[PDB]
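Heads up: the structure comes next, in structure tokens.
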Ligand code: HEA
Ligand code: HEA
Ligand SMILES: CCCCC/C=C/C/C=C/C/C=C/C/C=C\CCCC(=O)O[C@H](COC(=O)CCCCCCCCCCCCCCCCC)COP(=O)(O)OCCN
Ligand SMILES: CCCCCC/C=C/CCCCCCCCCC(=O)O[C@H](COC(=O)CCCCCCCCCCCCCCC)COP(=O)(O)OC[C@@H](O)CO
Ligand SMILES: CCCCCC/C=C\CCCCCCCCCC(=O)O[C@H](COC(=O)CCCCCCCCCCCCCCC)COP(=O)(O)OC[C@@H](O)CO
Ligand SMILES: CCCCCCCCCCO[C@@H]1O[C@H](CO)[C@@H](O[C@H]2O[C@H](CO)[C@@H](O)[C@H](O)[C@H]2O)[C@H](O)[C@H]1O
Ligand SMILES: CCCCCCCCCCO[C@@H]1O[C@H](CO)[C@@H](O[C@H]2O[C@H](CO)[C@@H](O)[C@H](O)[C@H]2O)[C@H](O)[C@H]1O
Ligand SMILES: CCCCCCCCCCO[C@@H]1O[C@H](CO)[C@@H](O[C@H]2O[C@H](CO)[C@@H](O)[C@H](O)[C@H]2O)[C@H](O)[C@H]1O
Ligand SMILES: C[C@H](CCC(=O)O)[C@H]1CC[C@H]2[C@@H]3[C@H](O)C[C@@H]4C[C@H](O)CC[C@]4(C)[C@H]3C[C@H](O)[C@]12C
Ligand code: CUA
Ligand SMILES: [Ca+2]
Ligand SMILES: [Zn+2]
């Protein structure tokens, strides 16, 4: 296995803009989920 | 703590982009749901 | 290689990393739920138009913050990363069982989000009291999916407790006694003993609730000779230990952070800190019925629970005064981590003191099931746990990643979060004293001003969370690689570099007698 | 030693089991089932069971386990 | 390495075990609510496959590969003791439910214990036999342990066979009791406490018996040395735990509760 | 009832609520002082260039840190437990009233002499009479005599509820199959409001309690009219 | 008679057994006074006390169960 | 029976780079593929069941 | 009544290496705590390593809760930065 900074994580930090996309999807999916669950319950 | 100079420095403009995209990723989806609550 | 490393791990650091990522995601879910609560309470009248949905949001908020954010971060994340490093051990005792404690959490979380998506959700409160949680008042799968979520979370933490206790007892250097282990390691050992003893009683209680709902048992049903109050005893026999589980690793991290940024080699009064944590752990098992002062128990029982509860202030005060005495005479470094820790000592003290107010059953009659309780635990638990996590995260981020944070950004983040949580929760004391019930979707008009201010504070804390994500991005974006860190002579976890190699202490430390 | 624990196994433990087996097998005959009374604290049905017709317990014995409406 | 600890090969069984837990729980949900046993049978299958392969791998690592140094064995001893403690506290919750209900019987019961309309089992009949059976099995498993330590293959196998036989006898007696019992799980809190507490105990007897059978086959295959046999010790500790829980059930539910 | 921008407890309507106010004032002074001392000491530890980084002896100071808090806890517990045992002392009630919780309303039973009973439902916002209070009014108030010791018995016909009236110091859970007792004594006539205080499902926010406290002669006339 | 007085047998917040005991006592007494054609005025104290303390739905359920033969208490 | 532990020690100590769960040979691969296929397929089925149960 | 293997006959891998080294009074797998010398420059604590540096923890005085950690490098003896005790690496 690869060792050292940027190499001990399950995501790539090779490109800061690809990283920004992955972090946005990651944290944004978590933050969005409850809003969509409330919408799902209201739409019943 | 001491550190090496940044391998890939993030300029003020680059920080403004990162911060803006970060904020929008939180705000836009929740905003869409809260704006359409009436429609539910 | 990716699947072998990240799905099939037997490595304490990688499993710690998975726990931190899991907990950070959960924290976003828990924060979104908290903002929906405060959007409803931000104005009188109804926003959601569905008070069952409000109740489901409050219930999910609690489960996510406790079981999926705090415990995974403190015990799974910081515990797995730091414990082996701080005792020079090559891994955990049971490195493969460790991976199963991790992988039980995503399915546990999936069961919780299934509960909220089927029927009308579990609008029970995180206590899940029958008969509201029973098969008449909550017909359908939602409560069963909540019970199963807790069974998987319970097994994850019980096996993790066995792993930490065994690791800490068995895998120190042969010269190192228990009285030469760092306070963070003590804090995890004691948390693990509380988990080992408390979670099985919760498991018994929620299993009874499952059988009452599905197999026609009547443990909690007076028609069969059962008693709703039996459920409360079993729940809170776990639940009081649980609140000490949530704070103890935080106490450990605070002791290391205060010592480090005071420029000290050691915390003030080490053996008193060990004594205090063991005392808190023990007393934590004999106080649970202070969650039940309004259910109709006997006066002498209420007198006993009031007195036993107040005793916890003594060992707790020793820790607070010991943190202050560690600052005393320090060459203070005003790092962002130090700011989090100072914020912790103050906000934890405020919440602990409102706990002593609530311990008095007489006053608790009027404060029980009001916003005074909500104010108490968001100071001691929500701010205490969160501020200890944020202090630990910014302190140890360079160890885990190999990269430095921007210290100015991190200070900005602290300042916003300090304003937000105080604006959110301080006014809830007034709401509680003036008699606003908790678990309410709407409130008499008199309560409007403090609910409005509290909801405005919740948005300030949102701004801090969003900024935190940006700050983590900027550190990985810029790639400032760590060169030196001070005080490695009294912080062994740093001595293998940043980040440490996959395998550390292949050759163990040398410690003579 | 092993010799002592074998001596306890064959000289105390299994003879005890033999005597309790004899005791049990002497009182093994069927007791006369009690009149059915539809007591509300018994034969609880808050949700149908997830098997059979939903009204029979998992190890239902027709001779001694009445339904809510009585003996089959 | 120049330490004595075990760096375990990367393994799929934690993930298969975690997924087996998802399938068993979602499976129970789909059985209780959506009238279907499919997910539950997949989950039970994958759980049994996971436990088989995980514990097979531990035997490979210890008997076949030599990874269980004294330090590793000391760890496993702590692990098994802590696991047993967690199981004791799980039972404690059921005893608490039992004593809560029986010490303060509500008006719905007739204000008495046993409740009106409950005809308890005679504790001097099969329940006393069950007691003699599990106590006898504690004596035979101690004979097995001493035979192994003394290097006696034949007598270890005979003693362990007798222990397993008594475990099976207890299970068949309890199954018969269950069928003959004139009260059910639906007979209020009496039936609830009786069947859930004795039912979880019967599950632990089946688990303990299965563990002893694994030890029997390992002994047949000469896995155990006269000095190194932690799987046997763990199964013995677990078995003594099962006995002690029975003695508490017998005194509490069958005898004091009659 | 609470009023806008309220910081503390609703004014005391019963002697035991008075006692709780005085007890809270005592305990809050202590909370304030300890909070303030910790903040002050943080600021004192942080505001000097002077250093002492060598090992410090903890034994002497830990005596102060355990004895002084022990004394403070005793100074809280003494008055605390005095009030607890006062709100237990034997009294001769002259009236017993039952309340049963339901999803989502209260019923009241006055069965000392006649079988008087009625339901008490929240007045919907759309039906409030001008000047009436949102979420707090009911159709049928709990009429009670003032300046008299009343036994309230509390239970439920479904899930848990909790019967609360903050200005009287009252909160008693409503548990099916259980009859919980509390004592009520109003020093004053008037209307006294409370709200369901155990989460009981979707309409937990919407099943209030309104007591109507009147002189005995008026209570008797009301009882007699009910016939 | 105004209301049920303090009873030292039932001194705590949980009054369930006070209600139950007085209902039993009234019905045991009533059955004793009818079983010699005696006089049920003798049973009046128990009647007033259970009527004062017991929820109407409890009294009504117990009455129905006595009539059905399913009352689990001994009368 | 005969003591064949030495022969199993030789098999499980062979320098072939296999992880312990696959080191017994082709049967280990088959049992692993069955287990993982049932877990992943079962998990996909549980998500479909969630989708179904999420609506009336 | 025999037929049970002994550790001598059947122990393998690291278990056997530990078993054989203990027979010879050797501790290659660091199971035992080493006994301190006087720790002077003339009598330094001798720290075995398979490589050119090893982490030392120094418990400077009996019952100290604070352990002092540092890398000991091959070459001239180094001193504990708290108590000045000498340590010498012996690959
Ligand atoms: C740890 C526990 C915890 C945490 C953190 C929080 C956080 C918050 N809580 Fe709450 N809350 C509870 C536990 C918690 N809560 C519980 C147990 C209940 C009772 C439920 C019941 O009644 O049944 C409750 C109930 C509760 C209520 C009462 C609802 C009612 O009675 O109707 C309210 C009201 O405002 C509230 C608000 C908030 C807000 C605004 C936040 C936050 O927005 C405050 C700011 C904190 C954050 C934003 C978190 C930041 C952390 C991360 C994002 C993790 C980052 C990770 C890494 C760095 C690795 N919560
Ligand atoms: C981090 C989690 C955490 C911690 C550590 C605590 C700590 C304490 N808690 Fe709190 N508590 C909760 C989380 C926590 N609590 C939660 C989640 C609930 C609600 C559950 C629910 O209903 O959802 C709750 C509810 C709860 C109740 C029930 C109230 C009710 O529902 O009516 C009570 C009652 O006594 C209680 C008291 C205490 C006490 C006395 C402490 C003590 O341990 C505090 C001791 C600390 C100090 C006192 C401060 C430092 C000391 C000094 C500076 C020394 C000097 C002090 C004195 C002399 C007083 N808390
Ligand atoms: C012979 C000795 C031992 C036998 C073991 C039991 C055999 C069948 C099931 C096995 C699992 C048992 C464990 C305990 C669970 C509940 C009930 C078990 C006790 C039992 O078997 O009770 C039976 C009922 O079973 C029932 O309802 C249905 C039982 C089947 C459904 C149970 C599903 C519930 C599963 C709960 C999961 C919780 C897991 C806990 C995890 C915690 C981790 C922290 C009794 O039969 P009856 O006809 O009512 O009366 C007899 C009348 N002649
Ligand atoms: C039809 C059947 C239905 C029931 C199914 C449910 C489950 C049944 C499972 C029964 C448990 C079987 C456990 C087998 C363990 C085999 C591996 C073993 O025993 O491994 C041993 C290590 O012990 C170790 O890991 C110790 C491992 C300890 C395992 C403890 C297991 C208890 C499991 C309980 C399950 C949870 C129950 C909770 C229910 C609510 C290996 O070391 P040694 O023995 O020293 O050998 C080495 C020498 O040869 C060298 O000379
Ligand atoms: C309603 C249904 C919901 C239930 C969901 C069930 C949950 C999960 C599915 C369970 C799948 C289990 C699969 C087998 C796990 C075996 C773990 C084991 O045996 O772990 C051992 C350690 O724990 C030890 O000993 C001592 C501990 C052994 C524990 C065995 C597993 C118990 C699982 C359930 C018990 C919960 C407790 C009941 C009380 C609440 C071995 O540790 P490893 O790191 O592997 O190896 C270390 C190497 O040196 C060995 O050579
Ligand atoms: C709890 C935390 C949440 C805090 C609140 C977040 C702050 C608001 C973020 C902006 O969100 C957006 O707001 C737009 C409105 O300004 C919406 O456009 C909506 O309105 C527009 C103009 O009215 C239309 O053009 C669009 O079609 C329509 O969707 C859009 O959907 C939504 O993404
Ligand atoms: C390669 C992997 C292959 C995976 C195949 C999965 C194995 C099971 C497939 C069939 O699924 C079943 O279908 C039955 C109906 O056709 C269900 O009847 C169930 O529902 C009945 C309703 O009549 C009840 O009697 C019982 O609960 C029960 O038989 C049964 O529960 C369910 O499992
Ligand atoms: C290798 C990975 C494993 C993949 C898993 C394979 C999934 C198998 C799909 C079969 O789906 C089944 O369909 C049955 C018939 O459509 C359902 O029967 C049940 O539902 C019926 C509905 O008509 C009822 O008659 C009964 O309850 C019962 O037979 C049952 O719920 C469901 O499971
Ligand atoms: C012949 C064989 C030898 C085993 C061996 O040394 O390889 C013997 C030794 C001990 C025997 C076992 C023990 O005597 C206990 C059991 C006795 C029963 O009568 C048959 C099965 C039973 C389980 C036996 C099977 C088999 O005959 C065993 C296994
Ligand atoms: Cu009724 Cu809340
Ligand atoms: Ca609103
Ligand atoms: Zn030294």
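Chains as they are written, first to last, in the deposited numbering: chain Y, 3 to 46; chain Z, 1 to 40; chain N, 1 to 513; chain T, 12 to 83; chain P, 4 to 261; chain O, 1 to 227; chain U, 11 to 85; chain W, 1 to 56; chain S, 3 to 93. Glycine is no exception: its CB is placed at the ideal position from the N, C-alpha and C atoms.
The alpha helix (DSSP H) with residue i in it runs from where to where?
| i | result |
| --- | --- |
| residue 560 of chain N | Residue 560 of chain N lies beyond the stretch modelled for chain N, which goes from 1 to 513, so this question has no answer here. |
| residue 12 of chain Z | 12–35 |
| residue 55 of chain P | 41–62 |
| residue 9 of chain W | 5–12 |
Report yes if the CB atom of residue i is closer than 7 Å to the CB atom of residue j, and no otherwise.
| i | j | result |
| --- | --- | --- |
| residue 281 of chain N | residue 316 of chain N | no |
| residue 48 of chain N | residue 41 of chain O | no |
| residue 391 of chain N | residue 341 of chain N | yes |
| residue 20 of chain T | residue 146 of chain P | yes |
| residue 512 of chain N | residue 36 of chain S | yes |
Could you tell me which residues DSSP puts in a beta bridge with residue i?
| i | result |
| --- | --- |
| residue 228 of chain O | This structure leaves residue 228 of chain O out entirely; chain O is present only between 1 and 227. |
| residue 164 of chain O | O:171 |
| residue 11 of chain U | Partner(s): none; residue 11 of chain U has no beta bridge. |
| residue 71 of chain S | S:59 |
| residue 403 of chain N | N:481 |
| residue 42 of chain S | DSSP, once it has assigned bridges, lists no residue as partnering residue 42 of chain S. |
| residue 89 of chain S | S:47 and S:80 |
Along the chain, where does the beta strand (DSSP E) that runs through residue i open and close?
| i | result |
| --- | --- |
| residue 194 of chain O | 190–195 |
| residue 19 of chain U | Taken as a continuous stretch (DSSP letters only), residue 19 of chain U belongs to no beta strand (DSSP E), as it is neither H nor E. |
| residue 208 of chain O | 208–214 |
| residue 180 of chain O | 180–184 |
List in chain order the residues whose CB is within less than 7 Å of at least one heavy atom of ligand 11. By the rule of a C-beta closer than 7 Å to any heavy atom of ligand 11, the residues picked out are N:40, N:41, N:42, N:43, N:44, N:45, N:46, N:47 and N:442.
Who sits around ligand 8, taking every residue whose Cβ is closer than 6 Å to one of its heavy atoms? P:38, P:39, P:41, P:45, W:37, W:38, W:41, W:42 and W:45
Residues, ordered as in the chain, of the stretch 101–117 of chain P that lie near chain T by beta-carbon distance below 9 Å: 109, 111, 112 and 113
Of all the residues that make up the stretch 69–103 of chain O, which are near chain U by a beta-carbon distance shorter than 9 Å? The residues in question are 88, 90, 91, 92, 93, 94, 95, 96, 98 and 100.
Residues of the stretch 47–68 of chain N with a CB closer than 8 Å to any CB of chain W: list them in chain order, please. none
Determine which residues of the stretch 303–335 of chain N have a Cβ less than 8 Å from any Cβ of chain S, and write them out in chain order. none
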